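First comes the structure, then the notes that go with it.
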Amino acid sequence: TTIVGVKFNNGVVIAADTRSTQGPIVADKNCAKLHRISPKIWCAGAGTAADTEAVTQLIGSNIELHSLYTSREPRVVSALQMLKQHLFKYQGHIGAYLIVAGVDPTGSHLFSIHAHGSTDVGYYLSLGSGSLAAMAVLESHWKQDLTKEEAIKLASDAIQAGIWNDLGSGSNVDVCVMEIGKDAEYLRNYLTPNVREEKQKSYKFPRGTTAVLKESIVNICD
Amino acid sequence: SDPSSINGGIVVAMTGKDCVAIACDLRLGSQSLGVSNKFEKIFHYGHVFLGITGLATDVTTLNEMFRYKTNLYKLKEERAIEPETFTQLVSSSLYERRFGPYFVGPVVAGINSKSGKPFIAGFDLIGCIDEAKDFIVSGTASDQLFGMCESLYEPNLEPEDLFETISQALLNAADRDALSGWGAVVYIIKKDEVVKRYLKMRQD
Amino acid sequence: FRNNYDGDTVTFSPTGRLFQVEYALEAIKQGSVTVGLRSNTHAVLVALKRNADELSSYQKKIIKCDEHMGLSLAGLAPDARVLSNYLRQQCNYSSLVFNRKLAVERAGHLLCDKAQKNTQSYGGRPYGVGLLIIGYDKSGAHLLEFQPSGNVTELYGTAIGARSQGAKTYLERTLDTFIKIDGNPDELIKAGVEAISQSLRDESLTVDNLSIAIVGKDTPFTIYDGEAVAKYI
Amino acid sequence: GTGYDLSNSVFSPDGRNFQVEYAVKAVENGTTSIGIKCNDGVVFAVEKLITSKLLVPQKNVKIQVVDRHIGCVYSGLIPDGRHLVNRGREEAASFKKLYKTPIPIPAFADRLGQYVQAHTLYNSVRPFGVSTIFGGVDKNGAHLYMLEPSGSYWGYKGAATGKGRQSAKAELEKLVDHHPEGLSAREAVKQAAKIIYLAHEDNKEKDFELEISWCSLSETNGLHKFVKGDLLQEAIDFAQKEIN
Amino acid sequence: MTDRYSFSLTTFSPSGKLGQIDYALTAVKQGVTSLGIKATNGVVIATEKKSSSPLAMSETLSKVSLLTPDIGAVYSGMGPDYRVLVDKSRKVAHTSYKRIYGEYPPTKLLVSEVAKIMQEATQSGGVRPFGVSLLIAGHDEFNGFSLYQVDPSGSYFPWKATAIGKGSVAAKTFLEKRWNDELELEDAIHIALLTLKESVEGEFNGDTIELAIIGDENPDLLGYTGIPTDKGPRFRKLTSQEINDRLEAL
Amino acid sequence: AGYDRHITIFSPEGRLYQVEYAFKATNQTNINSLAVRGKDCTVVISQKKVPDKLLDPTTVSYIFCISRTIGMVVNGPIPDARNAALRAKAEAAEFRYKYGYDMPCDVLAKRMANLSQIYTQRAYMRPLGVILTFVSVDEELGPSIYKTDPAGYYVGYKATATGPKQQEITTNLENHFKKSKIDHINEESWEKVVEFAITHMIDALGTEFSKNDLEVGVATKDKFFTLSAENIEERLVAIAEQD
Amino acid sequence: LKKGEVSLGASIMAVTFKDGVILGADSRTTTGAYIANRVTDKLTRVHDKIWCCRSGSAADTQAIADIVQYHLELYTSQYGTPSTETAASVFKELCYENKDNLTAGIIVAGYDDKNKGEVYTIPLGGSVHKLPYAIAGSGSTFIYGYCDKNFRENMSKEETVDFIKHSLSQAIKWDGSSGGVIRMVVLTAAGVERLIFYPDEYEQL
Amino acid sequence: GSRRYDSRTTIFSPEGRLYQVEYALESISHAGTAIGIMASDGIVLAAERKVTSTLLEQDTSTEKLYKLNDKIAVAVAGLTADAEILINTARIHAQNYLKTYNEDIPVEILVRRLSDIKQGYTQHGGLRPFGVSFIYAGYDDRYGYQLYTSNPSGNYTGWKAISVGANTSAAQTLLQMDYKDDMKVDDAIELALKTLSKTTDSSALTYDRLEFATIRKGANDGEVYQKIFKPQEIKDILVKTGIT
Ligand SMILES: [Mg+2]
Ligand SMILES: [Mg+2]
Ligand SMILES: [Mg+2]
Ligand SMILES: [Mg+2]
Ligand SMILES: [Mg+2]
Ligand SMILES: [Mg+2]
Ligand SMILES: [Mg+2]
């Protein structure tokens, strides 16, 4: 997995690849690793997939309830403190490594959270097995005061570094852009550079090929 | 010692043109000993089918738990659960036991009664959802099925053709797995009708 | 008026009284008399025991709490059993943990606090027994009077129970005399018996009637019952 | 209708908690105790009634110390006072354990206050039947406080409670008017003894015993110590002197 | 100390009456009027903002609350009781449904959950019933639009239109005449405004009225773009100006 | 049946008398307070009455610093006032730890009001006989005044007054705001708002004040503080020139 | 230290001087040999003028500091400004009472008007030691000699900044688990000043 | 104390009756009548709605007839909300049994359990009882069609025809009159409806004021079918029988 977060002049962008693995097998060639915590707070997650979806949805739920109670738009520092205290409580057993970014009344934010409960703030961050390939890129092309267009490319390139060079990453690139005055724009499959070539033959079988012993109708309705 | 390798078994689900299919083998064994050749792993709650591979006591327990939960759902909601919804129920039920999980690999296949869109999903033992548009494989011959499916599968097949495809994916995957086989069953599911066919296969 | 303010200890009357506690203090007043008095070397407890018929035993009034402390009760006996048990435990803990003999002043403080808890909470009921505690610790001889309200007082001598006021006056008179009975246990006891015999009326103190206890310098708390009180009538 | 005074936490039609008010009556029927704040400490004094000659002189100590710098004296139901001091001690310990520094007097006061107030919140508990005068020295000066059964407390220059409270407060107002500069702990000890003796007239039928204690930055080191020996007799004499 | 009130405070009187429930319903009767009207393509719930002073800022007190993006509530009765019922309802929507099924509950079921909370206050130890009646309006895929009333006893019932509070009898009467099953949402908003005008004593305008509808999906209120299955909340509170614009077409 | 006036259960008229009696207790101290919002501040003024000459004036306050940003003025008996202050301080600290940002005045009010609602519904808990006025300069809302009461009600105000003579102060303020047409005192310095406040309290209660008769709290961005006798005097000495 | 969690490595120290106290630290965090964050801030504020330098487990120290910050905010609201000794005690209580599950070496430094600057070091066991200056972190081993030779009590701000700067550059020089920038926080009556020194400066000294 | 406010819901009257239960039964007698009639080939459940209007949504309504299982249903007389509490615990028990034994729960087992819960509120706990009476209509392989009834006391009994709620004496008399052991469902429908028509406290029996259900074993199938009549179906069956 490769996930990145890049801060730009009036916003933040996060991106991730879409390959899900179980050992050396690609269980899902197009999973989604960009989770919505609230409309304008999204989180990229790496590690144990069930854990990143679970911790994200739980905090997102509680964040939704906190917002309705306080009549205020959710803040990234809230999702951050809630996520981290939860992860710390479980001593690393909930394998969620996240890049939480978002815009709220106080501005644009980008933080990272490791499974054990520590957080970091930065202008560009990456996590996942592809973390090193992505960071090599971020360390080569990041510069301060990037434009929205430059940040999307930078974050997109970092993910590509991982897709190509990490066996733990692959398929497509998902991006979510959170700009200070606008609605968050989730760009699912922003880049699709790994389409399978057409197969050399068609494996459609002639009907009757399979030997059937018994056939019967299933009753659905009560 | 690997709870997911004690009893054996596989399940595969595929989507087609206004249809889905879910198939499974019929073996239940104890390590090398074949024990039953009538162990179906596909269950259905209304028009939603769920196949489950893994440790047999959990497979049986989960079917019973989902029947329980879908029965209550139907009573409170006054309508049968949909595939998208059930999928979320399975996931939440599996993650509830995150640190003492059921050793299974569920697979959901069905067609939404309102929109008619074919649906299939797979899960790992702790609930992570894999909503694929093509196929889902599970079991002790999952690698084999992935191999079969990746080659044999092509989008939008008609019920009559999907049958052959899923059947062959299943059959040949099982013949390369020591813990699977001893019979197979395929369900071809359409908006209105569901057909169940038992396949003839080697019994070794 | 009353059944409005005397149903629970948790209710203060308009004049600031705690009726359940005051009613508890009354059970003490219908109990048999017991005297306590001390010199600078010993502390004695003398107690008139009561029977039910002429075919029964005479209920014990003195309880040993440890080798250096004990008490005489008046009122509800089951309650004295509950409180002397606590004192036994508190004495035991001091020895076990600190290898220290519990001070009488501390025993009194502990008794007061235990009694108080039963006067501020609902559902409970005050203790209905009074106790005279004598002991010999690092600061010498001691006599303490405990009342169910939680009030514990250190004295030279005293008495509680029905007609207690008589002996209380004898002691109050004989003070200058008994406070000096040092080194002579038997005399102190005799003063205690003289004292207790001023609260008699029904009969004369006999061998089945009297109970005495003494503790002091080289005397571990010891209870003399029946047979051994003959020499004091 | 009626019955608003049988259960503790009940508000009467005019907003009063009658049970708390009856508790005050138990306090007024009690011995007089006072506190006098001085230029660098506090002095506490209390009247101890001699129910009889059988009471051992100087042994039934009523003033209590909390931690090593707080003195507490109260009037009313003595056991309730002991109960409040036991809590005070647990609270002072908790504070020192977590923060290392001995509990500031304003912090301690509120600790007592919240606990007492807590006993006016439910019908399952009875309010405290005592008014407590307490204080000591901390990081920034001396402090004297008085706490009522309602949980109400404020800081004082001098304080009095019990049967002779009015004479005491009267005498106390005299001291605060004549000496605005402050009062030395030595003088305060003398004056406290006086005030108690004078206050003692409001209960002139029984003989009494005087008990004084103080906490002073110069005479006791900011630690609480009872006034014993020479110091105590000097104050007793000064008292039996200014009476006639 | 401790809640020793483990017994019921609501008990049956000799006539079979549940005293505390009847008294709570009386509390509801003295409350401001609130109504709800169900149309073919929407539902409108409305109430008057009985500001208890002109120094108070009436906007900081919402009587019409969002429970889920497709469900709203209004009440008549004791405001604080409603406020806590709303918190509990928003929460249960998550705990007993979203965290299990990944979707918000259907109106009837959320209604059923609030009702249970109210029933228990009618039997559990040491509590008095809630002094409020709620009108919950919402939409969901399989049931469409619905309006429900929930009483202090916990009984709930579905309505085409109804009114609760002070002039509910007169208002329920105005609604019975005006209501028919071919009304578009704008027409219901209209009838709602008319019905409310009669219950309202003084100034009737967008700053003294609170109206909300459950209608079409509002993508401009979602906050993000990109996911096509979730099209936006159907709940929308009308602004001060939106109400005024409709009051002029009286 | 007749005990319906002792615990929080409905009377046959649907009233909760214990809540009503809790509202009468708030007036037992005979202290009035008012709060107004400036352009970027919020001021609360409360009378200070020290009767007994034996009291230390520095400890008599009904104004509490809840957090670095929220201040609270209580109209009610001191023990209930302090019970509320402690809880509010704990709630405010816990909120910051859990959510990563300072608890808003309005949210603190809602929370304290919810706790009050509970005493109204559960028979074992008695309502507290106090009214709480919370003030701050919120980072999102600007100057704020939210007041909660024994019934569990709370709302935000342009300005507000509380105490036995609440009505006189309220009508005074009401008149000023109908005259000026804005929801706040149009002054830049909190010092002038404080003056406005004191002036209107004097005009309303028909009473003159010295420095030891007032208590003042001011809320500005990132801080809430109380004025000293001497700071108040400087306010008093500045007002004795318009009047 | 748990398998695979982020480590602070670090070169941190706090030095008291005439005007008050200065805290310094590097900015590198590691997961093995990978630098997870090369610009971390190990100087944490638990109160206006009470800060701490964190070393050990990143998660543990953040959790602890977050709780001390809370305890001090509540202390403040009730009893006024806390002493550094009190802040150290709260830190100690948490470190000592949970010694089995935490890896946190914390240096607490703070400024008060009565006490001037103070430094308390809370090493792995949970013991507290008040000292003139303290060094910790994995890079500290290398500067024990240098620091003991060059520290003098009552130095000036300029001199202290220099001492901290030279010490940490040496620590950073030799320890692989230390690197990045040198951050400092100056605590005095005047206020709180944040300083930062880049590699190009400290590396060649 | 708190004893003061306790109504003592679980005590016996001097005559050995349970106060609260007797008072709950009184409440129940004011609820719309629910009737259940057992035939050789099915069961009928009919009920009259309480508190209605022209504006109430009858389509989306259910306040008297609830499905507990695909083979068991209840008719409710009393407080709807209390009923829903119990109904849900019954729905769960039915599923617990199915999970445990892999067979549908026999009717009496479900009925007994529910009654036992009601009984509990009768002997311990200090809570008011549930003001509900149920008529259970159900089928199982051991006894076939069954009809039971339970009241606040927790006593339950079995019937061939029964009613609960308002005007039971009258309804039972009419049922006992026209009921014959060999009845057919179509015939039971008529009787149930006839009976309600003659006992209603309101003008005329109209569809909008009813809830109707039958549990039949349609000979052209096998599984027992529970049918909750829809408004228009109640209007239709009301005409055929002759009430218009
Ligand atoms: Mg596998
Ligand atoms: Mg095989
Ligand atoms: Mg074989
Ligand atoms: Mg007074
Ligand atoms: Mg209450
Ligand atoms: Mg109560
Ligand atoms: Mg280095």
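All residue names refer to the structure tokens as shown: chains lettered A, B, ... in order, residues numbered from 1 in each chain, ligands numbered from 1 in order.
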Next on the checklist: Show me, as a list in words, the residues of chain D whose atoms get within 10 Å of chain G, using only C-alpha atoms for the distance check.
Outcome noted: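 Close to chain G, chain D has residues 96, 97, 98, 99, 100, 101, 103, 104, 106, 107 and 110 of chain D.
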Would you output that residue set with C-alpha atoms, as a PDB file, in the first residue's frame?
```
ATOM      1  CA  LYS D  96      -0.087  16.104  48.032  1.00  0.00           C
ATOM      2  CA  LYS D  97       0.277  12.660  46.430  1.00  0.00           C
ATOM      3  CA  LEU D  98      -0.487  13.919  42.910  1.00  0.00           C
ATOM      4  CA  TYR D  99       0.962  17.472  43.081  1.00  0.00           C
ATOM      5  CA  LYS D 100       3.768  17.143  45.706  1.00  0.00           C
ATOM      6  CA  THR D 101       3.011  20.496  47.390  1.00  0.00           C
ATOM      7  CA  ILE D 103      -2.721  21.603  49.832  1.00  0.00           C
ATOM      8  CA  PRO D 104      -3.263  25.383  49.596  1.00  0.00           C
ATOM      9  CA  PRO D 106      -8.231  27.976  49.424  1.00  0.00           C
ATOM     10  CA  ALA D 107      -8.135  24.586  47.697  1.00  0.00           C
ATOM     11  CA  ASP D 110     -13.393  24.151  48.600  1.00  0.00           C
TER      12      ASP D 110
END
```
Next on the checklist: 9 Å from ligand 4 is the threshold here; counting only C-alpha atoms and all ligand atoms, which polymer residues fall inside it? Answer as a PyMOL selection string.
Outcome noted: chain D and resi 146+148+160-161
List all protein, DNA and RNA residues that have an atom no more than 6 Å from any atom of ligand 2, counting only C-alpha atoms and all ligand atoms, and report them as an mmCIF file with N, CA, C and O atoms, in the first residue's frame.
```cif
data_model
loop_
_atom_site.group_PDB
_atom_site.id
_atom_site.type_symbol
_atom_site.label_atom_id
_atom_site.label_comp_id
_atom_site.auth_asym_id
_atom_site.auth_seq_id
_atom_site.Cartn_x
_atom_site.Cartn_y
_atom_site.Cartn_z
ATOM 1 N N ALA B 174 -11.008 -27.065 -7.724
ATOM 2 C CA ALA B 174 -11.154 -28.102 -6.715
ATOM 3 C C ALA B 174 -10.306 -29.333 -6.956
ATOM 4 O O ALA B 174 -9.885 -29.989 -6.012
ATOM 5 N N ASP B 175 -10.106 -29.687 -8.218
ATOM 6 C CA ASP B 175 -9.322 -30.865 -8.543
ATOM 7 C C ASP B 175 -7.850 -30.712 -8.270
ATOM 8 O O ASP B 175 -7.112 -31.679 -8.368
ATOM 9 N N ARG B 176 -7.421 -29.497 -7.939
ATOM 10 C CA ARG B 176 -6.023 -29.218 -7.608
ATOM 11 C C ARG B 176 -5.897 -28.895 -6.135
ATOM 12 O O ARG B 176 -4.886 -28.374 -5.692
ATOM 13 N N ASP B 177 -6.946 -29.186 -5.380
ATOM 14 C CA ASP B 177 -6.942 -28.948 -3.956
ATOM 15 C C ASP B 177 -7.334 -30.241 -3.297
ATOM 16 O O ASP B 177 -8.368 -30.814 -3.585
ATOM 17 N N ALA B 178 -6.490 -30.689 -2.393
ATOM 18 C CA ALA B 178 -6.715 -31.924 -1.682
ATOM 19 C C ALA B 178 -7.932 -31.882 -0.777
ATOM 20 O O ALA B 178 -8.643 -32.875 -0.624
ATOM 21 N N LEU B 179 -8.171 -30.722 -0.188
ATOM 22 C CA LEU B 179 -9.261 -30.552 0.739
ATOM 23 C C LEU B 179 -10.595 -30.120 0.169
ATOM 24 O O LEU B 179 -11.518 -29.867 0.926
ATOM 25 N N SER B 180 -10.721 -30.059 -1.150
ATOM 26 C CA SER B 180 -11.972 -29.661 -1.785
ATOM 27 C C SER B 180 -12.450 -30.698 -2.773
ATOM 28 O O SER B 180 -11.688 -31.555 -3.195
ATOM 29 N N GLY B 181 -13.720 -30.609 -3.146
ATOM 30 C CA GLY B 181 -14.266 -31.542 -4.102
ATOM 31 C C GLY B 181 -15.390 -32.349 -3.515
ATOM 32 O O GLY B 181 -16.232 -31.805 -2.819
#
```
Next on the checklist: Applying 7 Å and only C-alpha atoms, which residues near residue 157 of chain H remain after dropping the ones on its own chain fewer than 5 positions away? List them as a list in words.
Outcome noted: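 Once the nearby chain positions are removed, what remains is residues 148, 149 and 150 of chain H.
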Could I get the residue neighbourhood of ligand 7 at 10 Å, counting only C-alpha atoms and all ligand atoms, as a short mmCIF file (atom, residue, chain, number, x, y, z; two decimals) with C-alpha atoms, in the first residue's frame?
```
data_model
loop_
_atom_site.label_atom_id
_atom_site.label_comp_id
_atom_site.auth_asym_id
_atom_site.auth_seq_id
_atom_site.Cartn_x
_atom_site.Cartn_y
_atom_site.Cartn_z
CA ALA G 10 16.76 11.82 20.21
CA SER G 11 19.28 14.17 21.70
CA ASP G 26 16.87 17.28 17.57
CA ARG G 28 14.41 12.88 14.03
CA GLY G 139 22.30 10.64 21.58
CA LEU G 168 23.38 18.57 20.45
CA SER G 169 25.43 18.90 17.28
CA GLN G 170 27.92 16.49 18.78
CA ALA G 171 25.07 14.20 19.89
CA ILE G 172 23.57 14.40 16.42
CA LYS G 173 27.01 13.84 14.90
CA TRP G 174 27.54 10.49 16.54
CA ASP G 175 24.03 9.12 17.04
CA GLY G 176 22.24 7.81 14.00
CA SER G 177 18.95 8.06 15.81
CA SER G 178 19.40 11.85 16.11
CA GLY G 179 19.40 14.38 13.31
CA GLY G 180 17.45 17.03 11.50
CA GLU G 203 27.27 20.48 11.46
#
```
Any idea what's packed within 6 Å of segment 77-84 of chain E, counting only C-alpha atoms, ignoring anything in its chain fewer than 2 positions away? Could you give it as a PDB file with N, CA, C and O atoms, in the first residue's frame?
```
ATOM      1  N   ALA E  27     -48.940  18.829  30.060  1.00  0.00           N
ATOM      2  CA  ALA E  27     -47.790  19.714  29.878  1.00  0.00           C
ATOM      3  C   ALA E  27     -47.621  19.987  28.384  1.00  0.00           C
ATOM      4  O   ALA E  27     -47.333  21.107  27.971  1.00  0.00           O
ATOM      5  N   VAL E  28     -47.808  18.950  27.581  1.00  0.00           N
ATOM      6  CA  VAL E  28     -47.719  19.055  26.135  1.00  0.00           C
ATOM      7  C   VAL E  28     -48.809  19.995  25.579  1.00  0.00           C
ATOM      8  O   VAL E  28     -48.571  20.715  24.613  1.00  0.00           O
ATOM      9  N   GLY E  31     -48.024  23.717  25.520  1.00  0.00           N
ATOM     10  CA  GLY E  31     -46.870  24.094  24.724  1.00  0.00           C
ATOM     11  C   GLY E  31     -47.257  24.734  23.419  1.00  0.00           C
ATOM     12  O   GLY E  31     -48.397  24.618  22.979  1.00  0.00           O
ATOM     13  N   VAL E  86     -33.540  14.444  21.480  1.00  0.00           N
ATOM     14  CA  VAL E  86     -32.916  14.604  20.160  1.00  0.00           C
ATOM     15  C   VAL E  86     -31.504  14.031  20.159  1.00  0.00           C
ATOM     16  O   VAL E  86     -31.138  13.304  19.242  1.00  0.00           O
ATOM     17  N   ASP E  87     -30.735  14.327  21.204  1.00  0.00           N
ATOM     18  CA  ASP E  87     -29.357  13.829  21.342  1.00  0.00           C
ATOM     19  C   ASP E  87     -29.392  12.297  21.305  1.00  0.00           C
ATOM     20  O   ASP E  87     -28.664  11.665  20.535  1.00  0.00           O
ATOM     21  N   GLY E 131     -42.138  15.194  29.120  1.00  0.00           N
ATOM     22  CA  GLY E 131     -43.280  16.049  28.901  1.00  0.00           C
ATOM     23  C   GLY E 131     -43.301  16.593  27.491  1.00  0.00           C
ATOM     24  O   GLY E 131     -43.431  17.779  27.317  1.00  0.00           O
ATOM     25  N   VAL E 132     -43.143  15.753  26.477  1.00  0.00           N
ATOM     26  CA  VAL E 132     -43.158  16.228  25.099  1.00  0.00           C
ATOM     27  C   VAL E 132     -43.829  15.242  24.176  1.00  0.00           C
ATOM     28  O   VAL E 132     -43.977  14.084  24.514  1.00  0.00           O
TER      29      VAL E 132
ATOM     30  N   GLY F 152     -33.342  23.488  32.992  1.00  0.00           N
ATOM     31  CA  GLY F 152     -32.537  22.910  31.950  1.00  0.00           C
ATOM     32  C   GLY F 152     -32.663  23.689  30.664  1.00  0.00           C
ATOM     33  O   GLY F 152     -32.361  23.169  29.596  1.00  0.00           O
ATOM     34  N   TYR F 153     -33.126  24.931  30.746  1.00  0.00           N
ATOM     35  CA  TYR F 153     -33.277  25.781  29.565  1.00  0.00           C
ATOM     36  C   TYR F 153     -32.023  26.625  29.447  1.00  0.00           C
ATOM     37  O   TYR F 153     -31.354  26.901  30.446  1.00  0.00           O
TER      38      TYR F 153
END
```
Item to check | Near-ligand residues for ligand 3, threshold 9 Å, only C-alpha atoms and all ligand atoms, as a list in words | outcome: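 After applying the 9 Å limit, what remains is residues 32, 33, 34, 178, 179, 182, 203 and 204 of chain B.
In this comparison, which uses only C-alpha atoms and all ligand atoms, the residue of D:9, D:24, D:236, D:210 approaching ligand 6 most closely is D:9.
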Next on the checklist: When you look at residue 140 of chain A with a cut-off of 12 Å (counting only C-alpha atoms), what residues show up, excluding the ones that are within fewer than 6 positions of it in the same chain? I need them as a list in words.
Outcome noted: residues 124, 133, 134, 154, 157, 158 and 161 of chain A
Next on the checklist: Please find the residues contacting ligand 6 at a distance of at most 8 Å between atoms, with only C-alpha atoms and all ligand atoms counted, and report them as a PyMOL selection string.
Outcome noted: (chain D and resi 7-10+121-124) or (chain F and resi 7+123-126) or (chain H and resi 2)
Item to check | Residue hits in chain C, query chain E, radius 10 Å, only C-alpha atoms, as a PyMOL selection string | outcome: chain C and resi 120-122
Grab the residues selected above and save them as a PDB file, in the first residue's frame with C-alpha atoms.
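part-v9.pdb, freshly written:
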```pdb
ATOM      1  CA  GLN C 120     -25.916  10.182  58.951  1.00  0.00           C
ATOM      2  CA  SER C 121     -27.179   7.617  56.466  1.00  0.00           C
ATOM      3  CA  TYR C 122     -30.677   6.414  55.707  1.00  0.00           C
TER       4      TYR C 122
END
```
Item to check | Expected answer as a ChimeraX atom specification: residues within 12 Å of ligand 5, only C-alpha atoms and all ligand atoms | outcome: /D:9-11,121-123 /E:3,5,9,126-128 /F:4-10,16-20,22,115-128,150-152
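For the pair atom CA of residue 226 of chain C and atom CA of residue 158 of chain C, the interatomic distance is 22.5 Å.
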Checklist entry - What does the distance between atom CA of residue 110 of chain C and atom CA of residue 22 of chain D come to in Å, to one decimal place? => result 27.3 Å
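Where the distance criterion is 7 Å and the atoms used are only C-alpha atoms and all ligand atoms, the residues close to ligand 1 are residues 138, 139, 140, 141, 142 and 143 of chain B.
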Next on the checklist: Quick check: residues of chain B within 7 Å of chain A, only C-alpha atoms, returned as number ranges by chain.
Outcome noted: B: 46-47, 126-128, 130, 152, 161, 164-165, 194-200
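Counting only C-alpha atoms, every residue of chain A that comes within 9 Å of chain E is listed here: residues 38, 39, 40, 57, 58, 61, 62, 65, 68, 69, 176, 178, 182, 183, 184, 185, 186, 187 and 188 of chain A.
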Could you save those same residues with C-alpha atoms as a short mmCIF file (atom, residue, chain, number, x, y, z; two decimals), in the first residue's frame?
```
data_model
loop_
_atom_site.label_atom_id
_atom_site.label_comp_id
_atom_site.auth_asym_id
_atom_site.auth_seq_id
_atom_site.Cartn_x
_atom_site.Cartn_y
_atom_site.Cartn_z
CA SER A 38 -16.79 13.84 7.59
CA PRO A 39 -17.60 15.80 4.44
CA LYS A 40 -14.33 17.71 4.53
CA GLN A 57 -16.12 4.78 10.40
CA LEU A 58 -16.30 4.73 14.21
CA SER A 61 -19.70 8.37 13.36
CA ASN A 62 -18.76 9.97 16.67
CA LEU A 65 -22.64 13.12 16.48
CA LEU A 68 -24.80 17.82 15.51
CA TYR A 69 -24.39 18.36 19.29
CA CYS A 176 -9.22 13.48 -2.76
CA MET A 178 -9.86 19.36 0.11
CA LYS A 182 -14.91 24.48 -1.74
CA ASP A 183 -16.57 21.11 -1.33
CA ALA A 184 -14.11 18.25 -1.03
CA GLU A 185 -13.65 16.55 -4.36
CA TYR A 186 -13.12 12.83 -4.27
CA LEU A 187 -11.52 11.67 -7.50
CA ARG A 188 -11.88 7.89 -7.54
#
```
Next on the checklist: Let's see if you can do this: from backbone DSSP, list all strand (DSSP E) residues in segment 98-239 of chain E, as a ChimeraX atom specification.
Outcome noted: /E:132-140,144-150,156-158,161-164,209-214,224-225,235-237
